[PDB]
Each structure stands twice: as structure tokens, then as C-alpha cells.
């Protein structure tokens, strides 16, 4: 940076602290990643100056010829990536992408069936303190109490009982592959739309490492950050038959001016995801997660579902008589960033929890491989088995520093 250090010392010092923090810590938050310098440059561009309400070639302001090229680049690259008939790259966030789909097909008070929030469903999939649970009548399907895999018979029974207008599949804390074909079969039986929120797994889908929901779902929503490794924002994919209605939901329905600089950053991230090396990256993400799961099991930890098919894993800490909250706090002390996370059938509140959620996308981006996975598992074992030993925590601190340099 050149101008910020002089203009705003206070903001610059805090940003610099954050930059140094990102390098020093082992980032295991499953939704986090590190974007390229190209992505950041696009977000730091003059495109923030441009009002471009509407859509490419159908804008409500003149002078949009060049931001149109940008938005179309993002939409066409998204369509290449996922095989979608239509893309909307304007959602400000995952929240707004979901909001717009609901706005498209639901009336106030309609019934929606989503994944149980305590079993891995997202806040925007019916939390009673979120617009989703306030605006619509959400019902939940669950995972098997033993396997922690989505119980597809439960999805079906809930769908047949409650007759939802819309079924939502996908999750913020589900470590196994989701069967979209089965979700669509159930949707079809009850005459519901199917929405897939692939936010967490979108980069894996792009790399052919998770089945693609696009052929099975009426609407696919996603964040552009997470495994897709793009800027913070949302996106909607859908078949051509819903394109006009989806675009109208985003604008003039729920948003106004899009963030054209962020959309530029989306296009860049999509360009990166189209490359062969992104495919290799995403495979390393999944390989690393499997290795980390296996290594944690070697340390004596129990994992929700017994492992992972994707980028993320959930440690069930009940055997260690630890809460997620305690584990999160002590790992923070040694420079490992995780989050407490409810496990299926958690006896604890969501503010305490019996689990921690871990993902490999961010460490993989930094170049961590299988050997680093073994060491991270070993450090987690050292810490969680010795929560009262400051000597053990200091050894952990040094081993973390050795990994990040």
C-alpha cells in the first residue's frame, strides 16, 4: 500500500496486524481461505465508483459498457465452471443469495424443509432468529444418530408430512457427500422445488471432487469465498426457466446497486478456478482433510461420521470430556484457529457445544501437505490431552510457529 499508511495510520496499523496474524496462525476455520493478489487488486479497483443497477446491456444508468464486460465475464466463467444455464453474480453475500431464492418461489409463511441446524444446516436455512425462520415455516430433516449421515428416509417423511413448497439441501458443517439425486427424487414426489446451498463445497464441485448439484436442483446458491477461494460475496445458479425471476428477485427485489469491484474479483476467482492448478489445489484440500481426519483418529479423537468426504471434519469431544468452547479457547492460546460447533444430537447448547469444526482449504492454499497434516493432528492431541499444562501449551506454540515459519 502507498496512500493508506499516510492517510490513515490507525486503519493501516490494524490492517498490518491482521496481515501478520493471517501468516502466523494455523487457520483451520472451514469457511476461510486466502485470495490471490489479483483478486484483491480487482476489489481495490475504481469499479467501486460505478452505479450499475440492473443487468448487462439492461442497466438503469449510462456508461456501464465496461462493467458489463466484467459482469458478463463473471457470469460466463461461472456457467463454464458449474455447467449452469444461468448465473447471477450480484448477491452481496451467501445470505442475500439465499434470501433472493426464497423471495423468488415462496410467499410469507410457506413451509420449507431444510437440514437440522444442530446437524449442520445453516442459519439462513430456518433459524428462528434469522429472516428465514421468521418469514417462512421451516421444518427440519436430520442425520442418523449413529452414522451422522443424512437420513434420506427422514428427508422423505418430513417432506411427505409437511408438504414443503421448497426443500433445501447442503450445509455449513456436513463432512460427507450430499446425494442431490435423492433430494431431487423426494422434491419430485411432493412437488417441491429443490434449492442446493453449495457454499462450503463450491470449489470442490468446480474441481469435480464433489457431485455437482446443478443438474438436480432448480436453484443453486453459493458464497464465492470458502473452497471457491474468491472474494466475499454470493452467487445464484439456475436453469434458464427461472433466470428472469431470479434476476428480478436480486434486483429490484432485495438489492440495489451491485458491488462491481467485487464482481470483478468474482470473475478473477472464477478464471483461477477454471485453471488446471486449481483442480490440483482442490484435490490436495480433500487429500489433506482425509489425512488430517486419519491423523486425528490416530491421536485418539472421535470424528462425526467417522471421517470426511470433503474439506471439513468435526471432532466429537465427548470422549475427552471437553466442550467445543473449551477446545476452541485453548487452541486459540497456541495459535490454532478453529470454531466450536454443535455435533448431531449435541447435549450442549450451540453456545457451548461438544465439537470443533476444522477445514483444510486455507492451510492447503499456504502450501501445507500430508506431513503438515500429521503435525497439526499431533499438536491438537498434545494440547487437548494436556489442557492444564502450560509447558505442553508452550511446546504446542513452538510447533505451530515452526509450521508457519
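Residue numbers count along the first chain shown, from 1.
- Between the stretches 341-349 and 372-380, it is 341-349 that shows the larger average CA temperature factor.
- As the entry records it, the average C-alpha temperature factor is higher for 57-65, out of 30-38 and 57-65.
- For the set 325, 229, 244, 200, the PDB entry assigns the largest Cα B-factor to 244.
- Considering 106, 296, 285, 262 together, the PDB entry gives 106 the largest C-alpha B factor.
- Residue-level temperature factors show residue 102 in the lowest third of its chain, judged at the C-alpha atom.
- Remark: residue 44 belongs to the middle third of its chain, ranked by C-alpha B-factor as recorded.
- Among all modelled residues in its chain, residue 118 ranks in the highest third by Cα B-factor.
- In the deposited entry, the Cα temperature factor of residue 307 places it in the middle third of its chain's modelled residues.
- Remark: residue 205 belongs to the lowest third of its chain, ranked by C-alpha B-factor as recorded.
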